[PDB]
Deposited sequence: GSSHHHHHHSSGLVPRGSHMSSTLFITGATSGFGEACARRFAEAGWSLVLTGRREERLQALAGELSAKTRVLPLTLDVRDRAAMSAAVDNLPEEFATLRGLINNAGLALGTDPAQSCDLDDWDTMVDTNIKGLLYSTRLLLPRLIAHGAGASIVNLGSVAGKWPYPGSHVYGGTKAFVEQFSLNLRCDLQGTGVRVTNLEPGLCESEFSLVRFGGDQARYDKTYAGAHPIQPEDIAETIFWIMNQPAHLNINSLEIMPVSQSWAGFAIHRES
C-alpha cells in the first residue's frame, strides 16, 4: 500500500518524517539504535498509523539483512524509502582527525545507505509505479569548506550514487532523489526538521512519471563565501 521505511527515525530529520507520513496514514517501518526513544515514538505514532519499530544499526549488514528478510507480508511491496541515518563526527582538520570517527561516518553514511537500499530494492521494484527513494545528502557534498573532509566526501558519494542508481532502474517505475539540505537547527532561521519532512512528503507524492533527481535547499540566510587566501 502506502508503506514507508525510514532509517535513523530518531536521528536528524527521521522523526519529523515519521510524524508527517503518520499524519498521512502511511504504514511505517522505523529503524533506530536507541530502542527506548524509537519505541516511544512508534507507540505515539501507533495511534494514527501502523508502525513497526526495528532497533537496528544501519552499519550492521547481517542484522539489517535479517530484519528485512523477517518483514511482514504487509511490506512485500514498499512505496517509500528514506535513507536518513547519518552523522558528522569531529572538528579537527583532516591531519589531526581520529580514524575511528572516519570509519563510523563511512560505515553509517555510505555503507548503511547501501545496505538499506540494496536489501529493500526488490520491494521497491515490486511496488513499481510511484515508488520513491529519498537519500539524505547535503550541501557539504558539493561545496568544500574547512573541516568537511570525510562528511562532505560521504555526501558526495550519496549524490553520485543516487544519479547512478537511476541508470539501473529502467522500466521499474522507482524514483530516486538526493535531497541536499544546508544549515539546520536539527536569528538565522535555519531549516527545521519539519521543513525536511514536508519537502520529502512533496517529493514522494510526485506524479508517477516524474523524478526529481536532486533538490538543494538552504535557509535564505545561507549563501556562499567564496575563497580563502592564507
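Gaps between the deposited sequence and the modelled coordinates occur at 1-20, 207-225, 270-272, listed in sequence order.
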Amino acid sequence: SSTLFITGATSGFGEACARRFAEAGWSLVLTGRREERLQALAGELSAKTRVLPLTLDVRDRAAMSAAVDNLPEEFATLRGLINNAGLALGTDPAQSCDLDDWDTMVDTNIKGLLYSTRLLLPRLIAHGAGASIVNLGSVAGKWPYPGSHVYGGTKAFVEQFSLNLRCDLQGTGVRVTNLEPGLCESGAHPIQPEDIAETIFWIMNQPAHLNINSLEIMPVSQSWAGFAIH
From here on, numbers count along this sequence of modelled residues.
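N213: CA B factor in the lowest third of modelled residues in this chain (values from the PDB entry). Sorting the modelled residues of the chain by their CA temperature factor places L41 in the lowest third. For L89, the recorded CA B-factor ranks within the highest third of the chain. Only modelled residues enter the ranking. In this PDB entry, the Cα temperature factor of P207 sits in the middle third of its chain's modelled residues. Among all modelled residues in its chain, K142 ranks in the highest third by Cα B-factor.
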